[PDB]
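Student: Just so it is clear, I am handing over start-v2.cif, which has mmCIF, C-alpha atoms and all ligand atoms; chains and numbers go by the auth columns.
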```cif
data_start
#
loop_
_atom_site.group_PDB
_atom_site.id
_atom_site.type_symbol
_atom_site.label_atom_id
_atom_site.label_comp_id
_atom_site.label_asym_id
_atom_site.label_seq_id
_atom_site.Cartn_x
_atom_site.Cartn_y
_atom_site.Cartn_z
_atom_site.B_iso_or_equiv
_atom_site.auth_seq_id
_atom_site.auth_asym_id
ATOM 1 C CA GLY A 1 0.000 0.000 0.000 0.00 88 A
ATOM 2 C CA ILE A 2 1.902 3.038 -1.326 0.00 89 A
ATOM 3 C CA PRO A 3 -0.055 5.365 -3.714 0.00 90 A
ATOM 4 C CA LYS A 4 0.695 8.815 -5.223 0.00 91 A
ATOM 5 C CA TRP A 5 2.536 10.718 -2.460 0.00 92 A
ATOM 6 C CA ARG A 6 0.375 8.720 0.027 0.00 93 A
ATOM 7 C CA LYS A 7 -2.798 10.427 -1.247 0.00 94 A
ATOM 8 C CA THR A 8 -6.000 8.314 -1.238 0.00 95 A
ATOM 9 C CA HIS A 9 -8.038 11.001 -3.027 0.00 96 A
ATOM 10 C CA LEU A 10 -7.136 11.934 -6.600 0.00 97 A
ATOM 11 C CA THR A 11 -8.851 14.400 -8.931 0.00 98 A
ATOM 12 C CA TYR A 12 -9.088 13.955 -12.696 0.00 99 A
ATOM 13 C CA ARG A 13 -9.790 16.454 -15.462 0.00 100 A
ATOM 14 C CA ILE A 14 -11.097 15.774 -18.975 0.00 101 A
ATOM 15 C CA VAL A 15 -9.224 17.847 -21.572 0.00 102 A
ATOM 16 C CA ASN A 16 -9.466 15.403 -24.460 0.00 103 A
ATOM 17 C CA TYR A 17 -12.133 14.277 -26.903 0.00 104 A
ATOM 18 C CA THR A 18 -12.852 12.305 -30.073 0.00 105 A
ATOM 19 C CA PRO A 19 -13.461 13.734 -33.593 0.00 106 A
ATOM 20 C CA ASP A 20 -14.956 10.442 -34.840 0.00 107 A
ATOM 21 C CA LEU A 21 -17.356 9.401 -32.032 0.00 108 A
ATOM 22 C CA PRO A 22 -19.787 11.131 -29.562 0.00 109 A
ATOM 23 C CA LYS A 23 -18.643 12.587 -26.231 0.00 110 A
ATOM 24 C CA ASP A 24 -19.991 9.571 -24.310 0.00 111 A
ATOM 25 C CA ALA A 25 -17.198 7.610 -25.975 0.00 112 A
ATOM 26 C CA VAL A 26 -14.466 9.808 -24.443 0.00 113 A
ATOM 27 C CA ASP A 27 -15.933 11.243 -21.199 0.00 114 A
ATOM 28 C CA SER A 28 -17.494 7.947 -20.033 0.00 115 A
ATOM 29 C CA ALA A 29 -14.305 6.116 -21.113 0.00 116 A
ATOM 30 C CA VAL A 30 -12.159 8.271 -18.823 0.00 117 A
ATOM 31 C CA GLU A 31 -14.628 7.779 -15.939 0.00 118 A
ATOM 32 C CA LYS A 32 -15.153 4.024 -16.555 0.00 119 A
ATOM 33 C CA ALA A 33 -11.369 3.544 -16.703 0.00 120 A
ATOM 34 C CA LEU A 34 -10.928 5.787 -13.673 0.00 121 A
ATOM 35 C CA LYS A 35 -13.651 4.004 -11.688 0.00 122 A
ATOM 36 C CA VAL A 36 -12.686 0.527 -12.983 0.00 123 A
ATOM 37 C CA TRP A 37 -9.944 0.815 -10.353 0.00 124 A
ATOM 38 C CA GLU A 38 -12.553 2.154 -7.912 0.00 125 A
ATOM 39 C CA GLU A 39 -14.534 -1.053 -8.503 0.00 126 A
ATOM 40 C CA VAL A 40 -11.355 -3.044 -7.674 0.00 127 A
ATOM 41 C CA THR A 41 -9.548 -0.932 -5.001 0.00 128 A
ATOM 42 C CA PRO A 42 -10.829 1.483 -2.263 0.00 129 A
ATOM 43 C CA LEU A 43 -9.620 4.611 -4.134 0.00 130 A
ATOM 44 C CA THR A 44 -11.474 7.972 -4.047 0.00 131 A
ATOM 45 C CA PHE A 45 -11.717 10.335 -7.053 0.00 132 A
ATOM 46 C CA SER A 46 -13.450 13.518 -8.319 0.00 133 A
ATOM 47 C CA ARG A 47 -14.030 14.826 -11.890 0.00 134 A
ATOM 48 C CA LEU A 48 -13.632 18.595 -12.400 0.00 135 A
ATOM 49 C CA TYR A 49 -12.366 21.237 -14.882 0.00 136 A
ATOM 50 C CA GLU A 50 -10.728 24.094 -12.795 0.00 137 A
ATOM 51 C CA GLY A 51 -7.292 24.200 -14.452 0.00 138 A
ATOM 52 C CA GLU A 52 -5.234 21.096 -13.702 0.00 139 A
ATOM 53 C CA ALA A 53 -6.347 18.190 -11.525 0.00 140 A
ATOM 54 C CA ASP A 54 -4.120 15.405 -10.175 0.00 141 A
ATOM 55 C CA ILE A 55 -4.814 13.277 -13.258 0.00 142 A
ATOM 56 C CA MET A 56 -5.036 15.296 -16.505 0.00 143 A
ATOM 57 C CA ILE A 57 -6.299 13.457 -19.588 0.00 144 A
ATOM 58 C CA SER A 58 -5.586 15.573 -22.688 0.00 145 A
ATOM 59 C CA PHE A 59 -5.825 15.076 -26.457 0.00 146 A
ATOM 60 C CA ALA A 60 -2.842 14.945 -28.811 0.00 147 A
ATOM 61 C CA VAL A 61 -3.254 15.741 -32.512 0.00 148 A
ATOM 62 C CA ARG A 62 -0.537 15.352 -35.226 0.00 149 A
ATOM 63 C CA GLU A 63 1.413 18.245 -33.540 0.00 150 A
ATOM 64 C CA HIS A 64 2.414 15.697 -30.859 0.00 151 A
ATOM 65 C CA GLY A 65 6.061 16.775 -30.492 0.00 152 A
ATOM 66 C CA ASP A 66 6.521 15.787 -26.812 0.00 153 A
ATOM 67 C CA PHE A 67 7.280 12.099 -27.534 0.00 154 A
ATOM 68 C CA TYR A 68 6.055 10.942 -30.980 0.00 155 A
ATOM 69 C CA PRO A 69 4.268 12.669 -33.937 0.00 156 A
ATOM 70 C CA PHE A 70 0.998 11.374 -35.447 0.00 157 A
ATOM 71 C CA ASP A 71 1.254 7.840 -36.873 0.00 158 A
ATOM 72 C CA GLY A 72 -2.401 7.400 -37.822 0.00 159 A
ATOM 73 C CA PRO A 73 -3.784 3.833 -37.337 0.00 160 A
ATOM 74 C CA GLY A 74 -0.355 2.797 -36.049 0.00 161 A
ATOM 75 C CA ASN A 75 0.220 0.568 -32.980 0.00 162 A
ATOM 76 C CA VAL A 76 1.275 3.670 -31.000 0.00 163 A
ATOM 77 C CA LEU A 77 -2.070 4.627 -29.405 0.00 164 A
ATOM 78 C CA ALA A 78 -1.191 6.752 -26.342 0.00 165 A
ATOM 79 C CA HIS A 79 1.271 7.595 -23.555 0.00 166 A
ATOM 80 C CA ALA A 80 0.927 8.551 -19.867 0.00 167 A
ATOM 81 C CA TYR A 81 2.907 9.642 -16.783 0.00 168 A
ATOM 82 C CA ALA A 82 2.518 8.800 -13.061 0.00 169 A
ATOM 83 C CA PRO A 83 5.487 9.101 -10.571 0.00 170 A
ATOM 84 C CA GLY A 84 6.143 12.818 -10.970 0.00 171 A
ATOM 85 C CA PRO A 85 5.684 16.133 -9.072 0.00 172 A
ATOM 86 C CA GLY A 86 3.960 17.711 -12.082 0.00 173 A
ATOM 87 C CA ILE A 87 3.250 15.041 -14.721 0.00 174 A
ATOM 88 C CA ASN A 88 1.487 13.069 -11.967 0.00 175 A
ATOM 89 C CA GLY A 89 -1.318 11.128 -13.672 0.00 176 A
ATOM 90 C CA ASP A 90 -1.164 12.935 -17.049 0.00 177 A
ATOM 91 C CA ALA A 91 -1.855 11.250 -20.430 0.00 178 A
ATOM 92 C CA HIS A 92 -2.317 11.965 -24.168 0.00 179 A
ATOM 93 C CA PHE A 93 -4.442 10.290 -26.878 0.00 180 A
ATOM 94 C CA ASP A 94 -3.707 10.196 -30.639 0.00 181 A
ATOM 95 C CA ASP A 95 -6.599 12.357 -31.997 0.00 182 A
ATOM 96 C CA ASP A 96 -5.687 11.355 -35.602 0.00 183 A
ATOM 97 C CA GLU A 97 -7.155 7.822 -35.188 0.00 184 A
ATOM 98 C CA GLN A 98 -10.336 5.663 -35.225 0.00 185 A
ATOM 99 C CA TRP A 99 -11.317 5.757 -31.526 0.00 186 A
ATOM 100 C CA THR A 100 -13.963 3.041 -30.918 0.00 187 A
ATOM 101 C CA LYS A 101 -15.707 1.398 -27.960 0.00 188 A
ATOM 102 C CA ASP A 102 -16.422 -1.917 -29.755 0.00 189 A
ATOM 103 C CA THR A 103 -12.800 -2.935 -30.732 0.00 190 A
ATOM 104 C CA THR A 104 -13.753 -1.721 -34.266 0.00 191 A
ATOM 105 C CA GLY A 105 -10.333 -0.044 -34.385 0.00 192 A
ATOM 106 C CA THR A 106 -8.645 1.927 -31.602 0.00 193 A
ATOM 107 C CA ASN A 107 -10.697 0.935 -28.536 0.00 194 A
ATOM 108 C CA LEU A 108 -10.375 4.090 -26.411 0.00 195 A
ATOM 109 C CA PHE A 109 -12.293 2.408 -23.575 0.00 196 A
ATOM 110 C CA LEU A 110 -9.581 -0.261 -23.232 0.00 197 A
ATOM 111 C CA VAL A 111 -6.721 2.155 -23.994 0.00 198 A
ATOM 112 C CA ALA A 112 -8.011 4.725 -21.461 0.00 199 A
ATOM 113 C CA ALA A 113 -8.258 2.038 -18.760 0.00 200 A
ATOM 114 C CA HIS A 114 -4.670 1.071 -19.579 0.00 201 A
ATOM 115 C CA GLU A 115 -3.570 4.723 -19.470 0.00 202 A
ATOM 116 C CA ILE A 116 -5.405 5.306 -16.161 0.00 203 A
ATOM 117 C CA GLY A 117 -3.667 2.244 -14.712 0.00 204 A
ATOM 118 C CA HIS A 118 -0.362 3.812 -15.764 0.00 205 A
ATOM 119 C CA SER A 119 -1.082 7.274 -14.313 0.00 206 A
ATOM 120 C CA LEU A 120 -2.303 5.720 -11.037 0.00 207 A
ATOM 121 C CA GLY A 121 1.246 4.389 -10.571 0.00 208 A
ATOM 122 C CA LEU A 122 1.708 1.224 -12.627 0.00 209 A
ATOM 123 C CA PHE A 123 3.898 0.136 -15.561 0.00 210 A
ATOM 124 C CA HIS A 124 3.493 -3.012 -17.694 0.00 211 A
ATOM 125 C CA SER A 125 2.427 -6.547 -16.769 0.00 212 A
ATOM 126 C CA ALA A 126 2.834 -10.003 -18.392 0.00 213 A
ATOM 127 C CA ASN A 127 -0.531 -11.842 -18.324 0.00 214 A
ATOM 128 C CA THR A 128 -2.654 -11.754 -21.502 0.00 215 A
ATOM 129 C CA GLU A 129 -5.763 -10.980 -19.408 0.00 216 A
ATOM 130 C CA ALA A 130 -4.024 -8.115 -17.587 0.00 217 A
ATOM 131 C CA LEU A 131 -5.295 -4.600 -18.335 0.00 218 A
ATOM 132 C CA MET A 132 -1.670 -3.387 -18.212 0.00 219 A
ATOM 133 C CA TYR A 133 -0.343 -5.799 -20.874 0.00 220 A
ATOM 134 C CA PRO A 134 2.413 -4.074 -22.993 0.00 221 A
ATOM 135 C CA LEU A 135 0.856 -5.328 -26.263 0.00 222 A
ATOM 136 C CA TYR A 136 -2.372 -4.475 -28.123 0.00 223 A
ATOM 137 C CA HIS A 137 -5.060 -7.045 -27.275 0.00 224 A
ATOM 138 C CA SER A 138 -8.285 -5.727 -28.825 0.00 225 A
ATOM 139 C CA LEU A 139 -10.757 -8.492 -27.936 0.00 226 A
ATOM 140 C CA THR A 140 -14.300 -8.314 -29.343 0.00 227 A
ATOM 141 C CA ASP A 141 -15.422 -10.362 -26.327 0.00 228 A
ATOM 142 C CA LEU A 142 -16.186 -7.533 -23.889 0.00 229 A
ATOM 143 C CA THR A 143 -17.824 -10.123 -21.612 0.00 230 A
ATOM 144 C CA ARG A 144 -14.391 -11.518 -20.714 0.00 231 A
ATOM 145 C CA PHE A 145 -13.050 -8.057 -19.740 0.00 232 A
ATOM 146 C CA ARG A 146 -11.613 -8.508 -16.233 0.00 233 A
ATOM 147 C CA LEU A 147 -8.683 -7.949 -13.886 0.00 234 A
ATOM 148 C CA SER A 148 -6.132 -10.707 -13.220 0.00 235 A
ATOM 149 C CA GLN A 149 -3.757 -11.651 -10.338 0.00 236 A
ATOM 150 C CA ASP A 150 -0.936 -10.181 -12.456 0.00 237 A
ATOM 151 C CA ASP A 151 -2.237 -6.584 -12.701 0.00 238 A
ATOM 152 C CA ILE A 152 -4.081 -7.078 -9.377 0.00 239 A
ATOM 153 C CA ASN A 153 -0.759 -7.295 -7.494 0.00 240 A
ATOM 154 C CA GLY A 154 0.359 -4.120 -9.270 0.00 241 A
ATOM 155 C CA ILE A 155 -2.645 -2.049 -8.154 0.00 242 A
ATOM 156 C CA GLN A 156 -2.553 -3.849 -4.769 0.00 243 A
ATOM 157 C CA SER A 157 0.973 -2.506 -4.176 0.00 244 A
ATOM 158 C CA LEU A 158 -0.430 0.975 -4.831 0.00 245 A
ATOM 159 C CA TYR A 159 -3.701 0.877 -2.867 0.00 246 A
ATOM 160 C CA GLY A 160 -3.792 -2.300 -0.808 0.00 247 A
ATOM 161 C CA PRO A 161 -1.677 -4.083 1.873 0.00 248 A
HETATM 162 N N1 LIG B . -7.934 -7.453 -20.997 0.00 301 B
HETATM 163 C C1 LIG B . -7.261 -6.735 -21.615 0.00 301 B
HETATM 164 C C2 LIG B . -6.417 -5.837 -22.387 0.00 301 B
HETATM 165 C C3 LIG B . -6.951 -4.907 -23.323 0.00 301 B
HETATM 166 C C4 LIG B . -6.144 -3.974 -23.992 0.00 301 B
HETATM 167 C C5 LIG B . -4.726 -3.878 -23.778 0.00 301 B
HETATM 168 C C6 LIG B . -3.870 -2.820 -24.416 0.00 301 B
HETATM 169 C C7 LIG B . -4.221 -2.181 -25.644 0.00 301 B
HETATM 170 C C8 LIG B . -3.431 -1.211 -26.269 0.00 301 B
HETATM 171 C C9 LIG B . -2.285 -0.676 -25.598 0.00 301 B
HETATM 172 O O1 LIG B . -1.809 0.427 -26.118 0.00 301 B
HETATM 173 C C10 LIG B . -1.322 1.600 -25.605 0.00 301 B
HETATM 174 C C11 LIG B . 0.165 1.467 -25.395 0.00 301 B
HETATM 175 C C12 LIG B . 0.687 1.460 -23.940 0.00 301 B
HETATM 176 O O2 LIG B . 1.058 0.356 -23.470 0.00 301 B
HETATM 177 N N2 LIG B . 0.677 2.610 -23.311 0.00 301 B
HETATM 178 O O3 LIG B . 1.000 2.985 -22.132 0.00 301 B
HETATM 179 C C13 LIG B . -1.827 -1.394 -24.433 0.00 301 B
HETATM 180 C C14 LIG B . -2.647 -2.371 -23.847 0.00 301 B
HETATM 181 C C15 LIG B . -4.197 -4.870 -22.899 0.00 301 B
HETATM 182 C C16 LIG B . -4.999 -5.828 -22.262 0.00 301 B
HETATM 183 CA CA CA B . -1.748 5.438 -33.630 0.00 302 B
HETATM 184 CA CA CA B . -0.817 16.168 -13.250 0.00 303 B
HETATM 185 ZN ZN ZN B . 2.182 13.688 -25.210 0.00 304 B
HETATM 186 ZN ZN ZN B . 1.376 0.846 -21.481 0.00 305 B
#
```
Could I get this file's structure written as structure tokens?
Ligand SMILES: N#Cc1ccc(-c2ccc(OCCC(=O)NO)cc2)cc1
Ligand SMILES: [Ca+2]
Ligand SMILES: [Ca+2]
Ligand SMILES: [Zn+2]
Ligand SMILES: [Zn+2]

Tutor:
Amino acid sequence: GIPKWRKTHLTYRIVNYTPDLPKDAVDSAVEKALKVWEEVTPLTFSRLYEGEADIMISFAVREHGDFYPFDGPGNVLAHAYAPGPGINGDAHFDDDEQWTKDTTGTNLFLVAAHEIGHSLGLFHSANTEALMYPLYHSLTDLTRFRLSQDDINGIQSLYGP
């Protein structure tokens, strides 16, 4: 049990969107990913807009010169930060892509959950069922979407024993 600077309560701000799908696809994705860890660990969060919350989810168009420029439908889908004094819980999404919620391309629901897991304080796992797997695993079977002992131990180290 050792979370972000020992803080149990984290705030998140939506500063990203999707040019292809409705706002429910992006806003609810951030919250579902954010609360997917709430449904697994006793973490407390709040969604606001002030200026900059603990976790800042922003969009990144082709002018993405902070790590990698736009690649289009390329494997590079997004990047996030976590153990930092400023970049604490901050991520970016490739706006120039097909963001879907039904694995029809770039599943932002799955990617966001993976990015939120990162920002919360986790890296990459090894199990194929793990939400933090370092390789694209777009599965049409959304009924099998779950957490596994692999990623579980990771989030457990953050907010658990
Ligand atoms: N169940 C399940 C499950 C579902 C999806 C993934 C999945 C998809 C794309 C990814 O792309 C973003 C690149 C990255 O690693 N960023 O930090 C990484 C992970 C894994 C497991
Ligand atoms: Ca891409
Ligand atoms: Ca931040
Ligand atoms: Zn970036
Ligand atoms: Zn990752």

Student: On this file, the PyMOL selection byres (((not hetatm)) within 12 of (chain B and resi 302)) gives some set of residues; write that set as number ranges by chain.

Tutor: A: 147-149, 151, 155-166, 179-186, 192-195, 198, 223

Student: Would you mind telling me which residue in A:212, A:243, A:201, A:238 lies nearest to ligand LIG 301 (chain B) when using only C-alpha atoms and all ligand atoms?

Tutor: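 Distance minimum relative to ligand LIG 301 (chain B) lands on A:201.
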
Student: For atom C8 of ligand LIG 301 (chain B) and atom CA of residue 248 of chain A, quote the distance in Å rounded to one decimal.

Tutor: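 Value for the atom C8 of ligand LIG 301 (chain B)-atom CA of residue 248 of chain A distance: 28.3 Å.
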
Student: Applied to this file, what does the PyMOL selection byres (((chain A and resi 92-106) around 9) and not hetatm) return in terms of residues, put as a PyMOL selection string?

Tutor: chain A and resi 88-91+107-110+112-114+117-118+121+129-147+170+176+179-180+182-186+246

Student: Which centre and which edge lengths, in Å to one decimal, describe the axis-aligned box that holds all listed atoms of segment 205-214 of chain A after 8 Å is added on each side, as AutoDock Vina command-line options?

Tutor:
```
--center_x 0.8 --center_y -2.3 --center_z -14.5 --size_x 22.2 --size_y 35.1 --size_z 23.8
```

Student: Using atom CA of residue 115 of chain A and atom CA of residue 217 of chain A as the two end points, give the distance in Å to one decimal.

Tutor: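 Spanning atom CA of residue 115 of chain A to atom CA of residue 217 of chain A is a straight-line distance of 21.1 Å.
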
Student: Excluding residue 242 of chain A and any residue of its chain fewer than 4 positions from it, enumerate the residues within 8 Å of it, using only C-alpha atoms, and give them as a PDB file with C-alpha atoms, keeping the file's coordinate frame.

Tutor:
```pdb
ATOM      1  CA  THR A 128      -9.548  -0.932  -5.001  1.00  0.00           C
ATOM      2  CA  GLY A 204      -3.667   2.244 -14.712  1.00  0.00           C
ATOM      3  CA  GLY A 208       1.246   4.389 -10.571  1.00  0.00           C
ATOM      4  CA  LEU A 209       1.708   1.224 -12.627  1.00  0.00           C
ATOM      5  CA  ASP A 238      -2.237  -6.584 -12.701  1.00  0.00           C
ATOM      6  CA  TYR A 246      -3.701   0.877  -2.867  1.00  0.00           C
ATOM      7  CA  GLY A 247      -3.792  -2.300  -0.808  1.00  0.00           C
TER       8      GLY A 247
END
```

Student: Would you compute the distance between atom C15 of ligand LIG 301 (chain B) and atom CA of residue 154 of chain A? Give it in Å to one decimal.

Tutor: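 Going from atom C15 of ligand LIG 301 (chain B) over to atom CA of residue 154 of chain A covers 21.0 Å.
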
Student: For the structure provided, state which residues fall under the PyMOL selection byres (((chain A and resi 120) around 8) and not hetatm), and present them as a ChimeraX atom specification.

Tutor: /A:116-119,121-124,196-197,199-201,203

Student: Could you give me the residues within 7 Å of ligand ZN 305 (chain B), counting only C-alpha atoms and all ligand atoms, as an MDAnalysis selection string?

Tutor: chainID A and resid 201:202 205 210:211 219:221

Student: Can you work out which one of A:228, A:216, A:237, A:153 has the shortest atom-to-atom distance to ligand ZN 304 (chain B), counting only C-alpha atoms and all ligand atoms?

Tutor: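 Of all the options, A:153 lies closest to ligand ZN 304 (chain B).
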
Student: Nearest residue to residue 190 of chain A out of A:206, A:235, A:240, A:227, using only C-alpha atoms?

Tutor: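 With only C-alpha atoms as the atom set, the closest residue is A:227.
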